[PDB]
Each structure stands twice: as structure tokens, then as C-alpha cells.
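First the structure, in the form of C-alpha cells, and then the observations on it.
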Amino acid sequence: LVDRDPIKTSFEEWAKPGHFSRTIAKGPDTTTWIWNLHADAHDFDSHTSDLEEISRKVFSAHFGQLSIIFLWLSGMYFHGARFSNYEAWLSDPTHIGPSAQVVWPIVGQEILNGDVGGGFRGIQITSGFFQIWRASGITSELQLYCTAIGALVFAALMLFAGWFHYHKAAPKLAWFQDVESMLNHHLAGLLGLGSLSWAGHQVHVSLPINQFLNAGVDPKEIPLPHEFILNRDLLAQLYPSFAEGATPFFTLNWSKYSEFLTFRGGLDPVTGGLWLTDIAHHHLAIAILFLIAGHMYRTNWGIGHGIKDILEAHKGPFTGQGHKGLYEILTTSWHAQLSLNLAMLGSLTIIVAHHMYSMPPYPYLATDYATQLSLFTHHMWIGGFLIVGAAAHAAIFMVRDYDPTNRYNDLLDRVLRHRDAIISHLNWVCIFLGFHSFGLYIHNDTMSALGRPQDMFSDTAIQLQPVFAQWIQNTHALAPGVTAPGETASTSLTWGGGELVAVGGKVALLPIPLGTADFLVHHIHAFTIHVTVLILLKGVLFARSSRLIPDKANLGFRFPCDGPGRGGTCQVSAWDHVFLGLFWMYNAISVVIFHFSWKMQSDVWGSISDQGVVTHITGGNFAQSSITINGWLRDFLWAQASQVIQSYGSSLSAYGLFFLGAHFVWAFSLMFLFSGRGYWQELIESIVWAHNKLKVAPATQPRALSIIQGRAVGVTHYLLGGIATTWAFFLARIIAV
Amino acid sequence: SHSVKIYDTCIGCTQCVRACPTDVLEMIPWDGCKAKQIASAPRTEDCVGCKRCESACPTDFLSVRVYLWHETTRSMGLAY
Amino acid sequence: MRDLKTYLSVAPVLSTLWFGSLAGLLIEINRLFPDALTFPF
Amino acid sequence: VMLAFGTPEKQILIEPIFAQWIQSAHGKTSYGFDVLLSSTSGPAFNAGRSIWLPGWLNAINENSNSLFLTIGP
Amino acid sequence: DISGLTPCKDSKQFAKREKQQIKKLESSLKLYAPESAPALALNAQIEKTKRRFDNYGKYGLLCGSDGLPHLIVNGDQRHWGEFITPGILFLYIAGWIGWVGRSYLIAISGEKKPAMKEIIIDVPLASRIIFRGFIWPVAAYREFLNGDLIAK
Ligand code: CLA
Ligand code: CLA
Ligand code: CLA
Ligand SMILES: CC1=C(/C=C/C(C)=C/C=C/C(C)=C/C=C/C=C(C)/C=C/C=C(C)/C=C/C2=C(C)CCCC2(C)C)C(C)(C)CCC1
Ligand code: SF4
Ligand code: SF4
């Protein structure tokens, strides 16, 4: 199912911009043509109506994405070998700050090459690559150079594959629609075999090298990874069970492998991370489970399941026919699959962000506060963006590919017939949550201002205790020995076990208390999430029609309005709902990251002394100061911003410059959001007049930006400015202290 | 009700009546253009004011003009 | 190739080349004569 | 940017010469321009030296009030 | 002493600023071995700072009460290098750029599809036009005198 040489390789189409569209290829009468060229670059569905060609175009771009990712990985690995102090950091991870970037001295920018330890001058990095390299057994820079070379080779291979599968042998449509085979392969081979290979690498390389490192041996005296394979005596000395070979595995005497395959739980006191034996056992079990899961769906040999057969058998007295017809929708529309995958990926990213901080998987990662904060905020933002994109593409599918005549589905029909109740109930829930979550903050502020601290919602006057979460913490703290007999310690130290882990005089992790403030902040999170969901679902559900504009589907997915009639019809399209929900996503993620930062700085992170007294960074003021808006403004925003505003003249002045630059970018966006196109089109007419006077009027007539373009520019600049401000503030605050 | 007017720069291409979301505009015979036609607005009480007619006029400046005026239950598009 | 030369004359590529050469020249000039506040000649 | 890199002497600081000249024309002696009312031998100073110039010059040359404050870049 | 300013070479605050910067730079040098590359970089930075301060002292700038140089733009011949000469150079360069752009725009105005020559530049024609802007003042003045500069 491939075609030989579908499209000739030529430079002819390079010299004719806009060849993908008939209208754009005509020529640039005005300046709107240039903007329209870029906005429709990757909309393959608008270029042609053939599903096979769209699938072939989609298949090739992923190869370019993979090549770009491989180039990025190659650069990251190469910079750590040539412009880094990784070897010096390896001998003292607790007193040296990782750095992998140096700057050329031209205009006085060499001040950014601050001292970081190990006789090195550079920029301190917070991506956590040093911990990953240490956990993999990497010791010298030659291995990093080899990894960079391999990544370059893989990027070249990906680029060649991308060219080949589009210009020499393009698969047919019947190849793409083999969902059962694709699922079987991506489950058994992509995931299970990868987990098995990583488990093997961890067993044979990471474990002995990491044990030698934790023993305190000089990294230059540790035997090379290949010495543990050729010389089984070394492994037998390290692990006696290796002397028996693979015989216990094939005789089901798996108890002999308990030395390097454990079920301990908790953190390693030496490094502050999870035990590597637990990780190896976890990867082995996950590989087995994924290998089993990949033999469910039917193929050329009869045995297995048919996804259509599974779907068609589920229906209920409330839902009618049920899931019949969903198989044909998901195997014919690219947008629905994209929306579902984007939503699932965003949720998974948020879950990963939440899980990484409380269960540190890398050595010397819990005590690196900047890395933890950066990873948390980065992954949360990525998850939010993916979640928004899911709804955007769901609306796109609803507008374009919906067709009840040939693709009828009962479940989709029933949802669209009672959307008013869903929207009204969601509106009521949002209003109730906003009143009963944010209103308690204003009450506390008013009572504090009036001089009545005894009438506030606080731990000392009127308690609002999160009794349900405390019960979960108590249950999980008592899990070992009762409901998890095979475990020695709890999964996390934050459950409330009472034990504290200190590495290098710093607090890695300890139980986290929950009080009245956590109740309020959690309900604030719920309120913001509910409002965002309301906006996106209202946008998706009313994409085709409404009581105001019955024929909204004919106007398309991205149109500005339908005139000033009916009192005003501004921003009625589904695109405008995504444009509006991006702001609320930004708001929710900012509140969440502020909560995380303040809570960790106030109740977890700190230093321990010889007598064992913990002194936190901010002194534990979160409980009594976060219950008012004035407290958030004073003890968090005003107090913690002194690091970034006093960074001039030092190696951290770049963050100080980025603070003001992001301020300017954020403030600059309000011009596009608060104004309209007619004023700017009328203003241009006067500017064109004087150019005509001096014979400098261009033939490409200048036109003001369209309404949609202006809204997009405004939202983009707004988001960029806000995120850059928060990034600069966080990094400047956390690197110094 | 809104006010809709037609001016004698009409060329009678029937583009405004086809874009009308309600039944407001119509064509009548005329003399003064090649097409021998001109538009008319006999049912302005059904006008909503979305101004789709002006988006379809090919004449340099519009031969059909809509002036927003006193609002009723029909011109506001309410189905309460 | 005529079509390859045509693609090199498009606005973004020409602008990128011009600005790269310009930035290189300015950086070299500032490297040769650093910290200039007044015109002494 | 000059302050960020730790070299404050690279700033572009420009004196408000014209406003300082105007201030000196009113009798202020903090810039050493010596023009008009700041010059004791000019016709303008000699004309009004016996009516209002003493009090105005006393008030303008005292640096605690808000009368013609000193200016800079 | 214009507006009560003092020369850089006679200002004590200027020397204090130089000493403070040098002392701040020398503190980080004690953390590294003399043969190490960061020591060489810090030595070069110290030498550059000393050279910059000496050059500022030599050029006859004026310092304020804070020990910072100030620029006089009123037209005094003693300070024509701060504003006048760079201004003339900038005016010449900007006129060159504008004249080249206007000439290129005028040249392609008579073509069948002039908008196509604006997104895809006619490189030989532009290159032939680029060198012409070196004498832009004379051409502009003579075009103004003949009444060709302003569109009718
Ligand atoms: C797997 C991820 C994925 C994929 C494959 C797609 C794919 C697609 N999306 Mg999409 N989208 C995604 C995620 C994704 N999206 C997410 C997460 C969101 C939410 C933010 C959206 C929101 C979204 C909207 C709102 C729209 C699409 C549209 C489209 C289609 C046309 C794309 C196009 O023309 O863009 C062209 C690409 C660009 C113009 C580049 C944008 C430049 C960015 C925004 C600025 C970057 C700033 C940068 C840092 C500054 C450096 C600049 C430099 C020059 C100096 C295409 C099928 C469009 C569509 O289907 O219309 C019918 C459409 O209207 N998407
Ligand atoms: C060579 C082309 C050219 C020329 C001769 C002029 C000339 C003029 N412009 Mg102008 N302008 C241009 C391009 C040009 N513009 C472009 C491309 C833009 C869009 C960014 C503008 C935007 C603009 C505004 C918004 C305004 C002017 C104004 C003016 C007048 C005041 C003088 C001045 O410095 O304004 C300032 C000039 C600028 C800020 C323009 C920026 C410099 C551009 C980027 C140079 C680009 C040149 C171009 C690449 C030529 C390529 C040549 C190559 C093919 C060989 C003056 C008649 C002002 C006026 O009096 O209103 C009528 C005014 O308010 N211009
Ligand atoms: C249109 C631009 C513009 C505007 C609105 C102002 C407005 C103002 N200036 Mg001002 N100024 C300008 C340009 C401008 N300036 C330029 C370009 C220079 C440098 C020469 C100065 C230098 C300057 C000084 C030194 C002082 C002011 C001050 C003031 C304030 C008091 C009024 C006054 O003295 O007028 C001044 C009006 C002018 C100087 C006219 C300039 C307008 C022309 C058309 C600009 C053309 C530039 C020209 C091409 C340069 C050629 C030089 C070349 C030969 C090298 C007032 C707010 C005073 C103040 O109160 O500061 C606190 C003050 O002391 N200005
Ligand atoms: C880091 C990195 C890199 C590299 C990588 C690598 C180097 C990898 C490797 C990998 C590997 C190297 C893998 C492997 C694998 C293997 C496997 C997967 C196997 C399997 C096997 C099996 C499954 C078997 C089974 C069995 C049974 C069951 C029964 C009978 C017996 C036997 C044994 C046969 C690069 C440069 C790219 C860049 C980026 C980053
Ligand atoms: S009103 Fe406009 S569209 Fe209708 S006939 Fe006249 S010119 Fe044509
Ligand atoms: S404004 Fe709208 S409703 Fe009124 S006549 Fe025009 S198209 Fe019809």
C-alpha cells in the first residue's frame, strides 16, 4: 500500500509563494496577502479535500519534528561536554552549581559569567540534566560526545526518512486506517520493549556505577561500564546473586534476585532520591504489563478483538444506540484524534509535574530547589497549553467534519439536544464557587482592616479544616505493614510519616501539614478550573448554531462577527472562545504556581543544624499570612521581589533586565486588545498621503490588521509578557537563596 | 425598526437580496441600468441590522444603506 | 539554477542575510573600538 | 543596560542647558551663567533693583523652598 | 565650567568610581589560580577598565557631583564631538538609505506588476542603484531645484 514517486522533487514551487492555495498564489495586491500566507501554512485540510493526501502530508511533518528534537538533544548533550563543569560537579554535587553555558565578552556582557564552583565561570542551568547524567552512570565527557554524535546521526536519518516517505514511496490511505495494528505495535514494541531495554541498562550499568559513587569512590577510579559485563566477578562481588546467572529466572526462583530488585519505598539517605533497584523493578514490571497489553486487537490471524465490535456492544436505556458509529468518526477525521490526544497528553503532563516533586527520582535533585521549581512550573504550563488546544481542535472538528447524514452517532446527538441545561448548571456552579471561595478572602481583609481578628476564617478564630485530605494522609502514612505488607516505608515522605531526610545540611522532604489556608486555595483552584471548563465547553457546544445566529456553521470556524445587528454579535465564533479561555488558563496556572512556590518555601525547604532544628526560607508564615489578599501582596510579592530588583551589577542582572522587558511586553499588548481596526485604517490614510507627496508610496497598499489577527497578537503578547515576568522573578528569587 | 435605503447607483446584480438572512429585500423592474433592475426594501420591520447587504455591494460606495434605529423585539433577534 | 536564485531574492532571506552581515560588522567595530562616548577626531 | 552590566559611567546624560540658562536669567547663581538678572551691571537689574529685586533674589537663592528647583539629566 | 561642571581628570569621585570597580573586579580573582583562564579574563577586564577610564580622562569630558560624565549639546566648539559630528554622520547615512529606497521604488513603478518586484527583489537593479546613494545630497538638492522632488 505505497505509491512510487507521487511528487517530483523540484525547486519550482519555492519561487512561487502561496502555491498551496489558489487565492494566495494570485499575487500581493495588499499587505493582507503576506499575513494570510503564514496563517494558512499548515492547514492541510484547506489545501485539498483528499484524505489520502492529507494523511501523507501529516506523516512527513512528524519526521521533521523528530529531527528537530534530535538536534535539540544533540546540542544539549554537546554543551555539557565542552562548556560545562560536569566532572567537577560530580565530585561535589552539594556545593557546586551546575553550569553549561559561557558568554563571549564583547560589550561588558562577560559579567554574566559568574562563579559557580569548580574553577568555572558561566551561567547556572536549572534543567536538571546533570542529575539525569549521573543517574545513568555517565562519568567522563567522551560518553557525552558520543551521545551528541549519535543524536546528530539520528536527526539526519529522521530528515532522510521524512523526505523519502513523501517523495519516493508514500503509503496509501488503507495503510493509515489500520488502527488495530498501530495500537498493537505502539503498545508491545514502542513502550514495552523500550521499558525492557531501559530496565536492562539500569540493571547492567546504572546500578554498579551508582553504588560505587555512593560508596564515595573517586569517579576516575570507577571501572568502565563494559568491565561489569566482561568480568562477571565484579558483579558477583557487588551482587552475589549474579554468580548464579539466569538459572533462577528460568526455574521461577525469582526470590534470589531480591538483592537488586527490591520493594523498599521512600528515599535514599545518601542522595535524597528513590532507590534505583525499585526503579529497575518498576520498569521490568511495566515492560511485562505493556507487552501483555499489546496482544488484544485482531489482525491477519483471527485471534483478538475488533474495536468496532467492542464499541457497538455498549448502549443503555438512557443513551439509546450508544457507541455505534464512533468507530467511523475516529477513523476518518484527523481533528478529533488530535483533540483527544492533546487532552490526554496535557492531563498526563500535569500528573507528571505533580508526581515528580514529591517523589524525587534523581540523585541530589530534592536539594536543588531551583531545578524543582523550574520543572514544576514548566510542566504545568505545557499541560495547560495542551489542554486548551484539545478544546480548540474539538471545536474545529465540530465546525468542519460533523455530518449526521453519513456519520450519525446517538451519543453526540443526545448531548447537543440539551446543551442549555449543561451550560446553565455550569454557570451556576461557577458563580457559587466564585462567591464562596473568593468571598472568604474579602471577608478576612475587611475584618482585619476593621480591627476584628477574632471574626476571621483562620486556624485561631473560625477553622475550616480539610478533614477529608487529612484522612487520606493518615491512611497513606499507615499503609505499610497493614495494607501494603511488602513495603518497608511509605511511597512519599509528604504523607505524614514523621521521618525527615536531610542531605548536605538541607531539608529534602518532610511531612506537609494541611490547614485552613489550603482549603481556601484548593477551592480557588477548583473555581478557576471550572470557569475555564465552562468557557471551553460553551465554545465547543455552540459551534454550529444558537438561538441568536441559527446559521453559525455557514460562517465558518474563524470569523469575527455577524454585524452590529441583534444588539451586537461580537466574538460569537468558536475561535473567540479559545481566545477568551487562554486568559483564564493563564490565571489558573499562575495561581497554582504561586501556591506551590510559597508553600514549599514556607513549610518544606530549609536548613538543618547539628542539633536538628529546621529553619525554613521564609520562617513558616504561610499559615497566618496567606488568608488575606494583603498578605499575598506583602509577604509574597513585595518581600520576595527584592532579589530581582537588586540584581544589577552582578551575574543575575539578566533576570533584572528580563523583568522590565516582560513588563513592557505585557503592557504593550493592551493597545491591540482595547482598540479597533477602523481607527488604525483611518490613521494610515494620512500616512500614505505624505508618501504619495514624495513619490515613495508602495504598490503593495498598506492595510491595517484584521480583527482576528489583532486579537491573536494581543493575546500572544499578553501571555508572553506575563509568563516571562513570572519566569524572571522565580529564577532570580530562587537562585540567590 | 431600522431604515434601509436604495440609491440610483444600483446595477441590479441581485447580490443583496440573496444575502438577506430574513425576507426584507426584493427586486423590481427598472430602467436606468443595463440589467434593467433595482432593489427594494418593503419589509424593513423584519430588519435585524447585521449589514450583510452592504458586504455584497460591488459599487464603490454602497447603493444599499442600513441606518440603525429604534429597537424592537424583532430587530434584536430575541427568542425568549 | 534560476529557481534557486529566485528563492534567494525573497524578502525574508535577503533581510536575514543583510541583517546578519550588518550585525557582524557592528560587533567587529565595537570589538576594535570599545567604550566610545564622544567623537575624538 | 549600562547600569545592569556594572558600568554606570557609560550612560548618556545630557544637561538641560536651556532651562538652566532661563533659570540664570531670573537671578539664580547656582550654575554660573551670569546673564540678565544674574548680572549686577545689566540694565534689567539696574531698573528694578529698588522695587522688588532684593526680595525675589533672596527667595530664589534659598534652596529649601520649591522656587526654581535645581535640575539635571 | 559650563553649568558648574568639572573636568573628569580633576574629579575625585571619578577616581573613587574607578577604584571601586577595580577593587570589585580584583576580589573574584583571588578565587582562581594565576595560570587559569578565568584569571586571564579578569586581568583583561581590569586592563580594559583602566584603559576606558584613562580614555575618558583624556577626551576632556565634564563630570557632575556624582562623578559621571555629562554631554553638552548647545553647540560649543569645545564639545562638538559629543553631538554635532555623530549627528552629521547619522544624517548622511540616513539620507543615503532613504535615497536608495526612493530610487528603487521609482525605478520599478513603470513595470506591469510592480507589486511583484517588491517581495522578490531584483538584485542586479538594486546593486546598480546602491552605489548611487554615495552622492545623495547633490542629487537631492538638484532635484529640489528642478521641481522634480515633489509629486504634482
Ligand atoms: C500537536 C499539537 C498541535 C498541532 C499538530 C496543531 C495543528 C494545527 N493547528 Mg493548533 N493548537 C495547538 C496544538 C496543535 N495544533 C494548541 C496546543 C493550541 C492552543 C494554544 C492550538 C490552537 C490553535 C488555533 C487557535 C488554531 C490552530 C490551527 C491549527 C491548524 C493550522 C496550523 C497553522 O496554520 O498554524 C500556523 C502557525 C503559525 C502561524 C505559527 C504561530 C507563531 C507562534 C504563535 C508565535 C511564537 C512566538 C515566538 C516565540 C517568537 C519568535 C518569532 C521569531 C520570528 C523572531 C493545524 C492543523 C488553526 C486552524 O485549524 O484553523 C482552521 C487555528 O485557527 N491551532
Ligand atoms: C525607503 C522607504 C521609505 C521612505 C523614503 C520613507 C519616508 C518617510 N516616512 Mg516611512 N515607512 C517606511 C518606508 C519609508 N518611509 C516603511 C517600510 C514603514 C513601515 C514600517 C514606514 C512607516 C512610517 C510611519 C509610521 C511614518 C513614516 C513617515 C515618513 C516620513 C517622515 C520621515 C521619517 O523618517 O519618518 C520615519 C520613518 C520610519 C519610521 C520608517 C522606518 C524605516 C524603514 C523600516 C526603512 C525601510 C526601508 C525599506 C526596507 C527600503 C528598501 C530599499 C531596498 C529595496 C533597496 C518620510 C517621508 C512619517 C510621516 O511623516 O508620515 C507620513 C510616519 O509617521 N513612515
Ligand atoms: C520634536 C522634538 C522635540 C521636542 C518636542 C522637544 C521639547 C522640549 N525640549 Mg528638546 N531637544 C530636541 C528635540 C525636542 N525637544 C533635540 C533634537 C535636542 C538636541 C539638540 C533637544 C535638546 C534640548 C535641551 C538641551 C533642552 C530641551 C528642552 C526641552 C523642553 C523645553 C522646550 C525647549 O527648550 O525646546 C527645545 C527645542 C528644540 C531644541 C528644537 C528641536 C526641534 C528640531 C526640529 C529637532 C531637529 C533635530 C535636528 C535635525 C538636529 C540637527 C543637529 C545636527 C546639526 C548635528 C521641551 C519639553 C529643555 C528642557 O526643559 O529640558 C529639561 C532643555 O534644556 N531640549
Ligand atoms: C541516550 C540517547 C541515545 C542513545 C540510545 C541508545 C544507545 C539506546 C540503545 C538501545 C538498545 C541497545 C536497545 C536494545 C533492546 C533489546 C531488546 C528489546 C531485546 C529483546 C529480547 C527479547 C524480548 C527476548 C525474549 C526471549 C523470550 C521471551 C523467550 C526466549 C528467550 C528470549 C531471550 C529470546 C542517542 C544517541 C540516540 C541520542 C539520544 C539519547
Ligand atoms: S444594492 Fe448592491 S448588490 Fe444590490 S443590486 Fe444594488 S449594487 Fe447590486
Ligand atoms: S441589514 Fe441585515 S437584515 Fe437588514 S436588510 Fe441588510 S442583510 Fe437584511
* **Acute angle (nearest 10 degrees) that the helix E:12-29 long axis makes with the longest principal axis of chain E, alpha-carbon atoms** => 80
* Asked: So what's the gap between the Cα centers of the stretch A:515-533 and the stretch E:4-19, to the nearest angstrom?
  -> 59
* To do: Would you tell me the mean number of C-beta atoms belonging to other protein chains that fall within 10 Å of each C-beta in A:118-125, as a whole number?
  => 2
* Cβ crowding within 10 Å averaged over residues, with A:659-666, E:142-149 ranked highest first -> A:659-666, E:142-149
* To do: Compute the Rg/Rh shape ratio of the stretch A:245-363: radius of gyration over Kirkwood radius, all on alpha-carbon atoms.
  => 1.13
* Asked: Taking amide H positions as placed 1.01 Å from N in the peptide plane, with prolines and chain starts having none, which residues 5 or more places from B:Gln37, or on another chain, fall under 5 Å of its amide H?
  -> B:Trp30
* Between A:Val270 and A:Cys570, take the C-beta separation as r, use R0 = 51 Å, and let me know the FRET efficiency to the nearest 0.05. => 0.25
* When the helix-only estimate is applied to chain E (DSSP H runs of n ≥ 4, each -39,500 (n - 2.57), divided by the residue count), what is the mean residue ellipticity at 222 nm, nearest 500 deg cm²/dmol? -> -19500 deg cm²/dmol
* Asked: In a shell of Cβ-Cβ distance under 9 Å around A:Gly118, excluding A:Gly118 itself, what net charge do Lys and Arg (+1) and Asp and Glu (-1) give?
  -> -2
* Helical contribution to [θ] at 222 nm, DSSP H n ≥ 4, -39,500 (n - 2.57), averaged over chain C, rounded to 500 -> -23000 deg cm²/dmol
* Provide the FRET efficiency to the nearest 0.05 for the A:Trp471-B:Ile28 pair, computing r from the beta carbons and using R0 = 56 Å. => 0.10
* List the extent of the Cα atoms of chain B along each of their three principal axes, largest first, rounded to whole Å. => 46, 22, 18
* Structure fact -> Proxy exposure order for A:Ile627, A:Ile288 (fewest C-beta within 10 Å first) is A:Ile288, A:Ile627
* Asked: On a 0 to 90 degree scale, rounded to 10, what angle separates helix C:11-32 from the longest Cα axis of chain C?
  -> 20
* Once every DSSP H run of n ≥ 4 in chain A is given -39500 (n - 2.57) and the sum is divided by its residues, what mean residue ellipticity at 222 nm do you get, rounded to the nearest 500 deg cm²/dmol? -> -17000 deg cm²/dmol
* To do: Could you check the simple spin-label distance between B:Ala79 and A:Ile629, using points 7 Å along Cα→Cβ, in nm with one decimal?
  => 4.0
* Distance in nm between pseudo-label sites at E:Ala41 and B:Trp69 (7 Å out along the Cβ direction from Cα) -> 7.8
* Asked: Between A:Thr262 and E:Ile88, how many nm apart are label points set 7 Å from Cα along the C-beta direction?
  -> 8.2
* Within 10 Å of each Cβ in peptide C:1-13, how many partner chain Cβ atoms are there on average? Round it to a whole number, please. => 5
* Could you tell me which helices of chain A pass both thresholds, a Cα extent of 24 Å or more along their own axis and a mean Kyte-Doolittle hydropathy of at least 1.0, with helices taken as whole DSSP H runs? => A:141-167, A:276-293, A:369-400, A:516-541, A:707-736
* When A:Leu326, D:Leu67 are ordered from fewest to most other Cβ atoms inside 10 Å of their Cβ, what list results? -> D:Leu67, A:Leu326
* To do: Return E:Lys9, B:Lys5, A:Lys324, E:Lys112 ranked ascending by Cβ neighbour count within 10 Å, so the fewest neighbours appear first.
  => E:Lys112, B:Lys5, E:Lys9, A:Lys324
* **Shielding score for D:30-38, defined as the mean number of other chain Cβ atoms within 10 Å** => 2
* Rounded to the nearest 0.05, what FRET efficiency do C:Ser15 and A:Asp455 have when you use their Cβ-Cβ distance and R0 = 51 Å? -> 0.20
* To do: Relative to the longest principal axis of the C-alpha atoms of chain E, give the angle of the C-alpha long axis of helix E:80-107, reported between 0 and 90° and rounded to the nearest 10°.
  => 30
* Structure fact -> Calc'd 3J(HN,Hα), the stretch A:617-627, phi into Karplus 6.51 cos²θ - 1.76 cosθ + 1.60 (θ = phi - 60°), Hz, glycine/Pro = x, comes to 5, 9, x, x, 9, 5, 5, 9, 9, 7, 7
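Cβ atoms come from the backbone with ideal geometry, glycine included; neighbour counts cover every protein chain shown. Every number here is computed from the coordinates shown, using simple stated rules; none is lab data.
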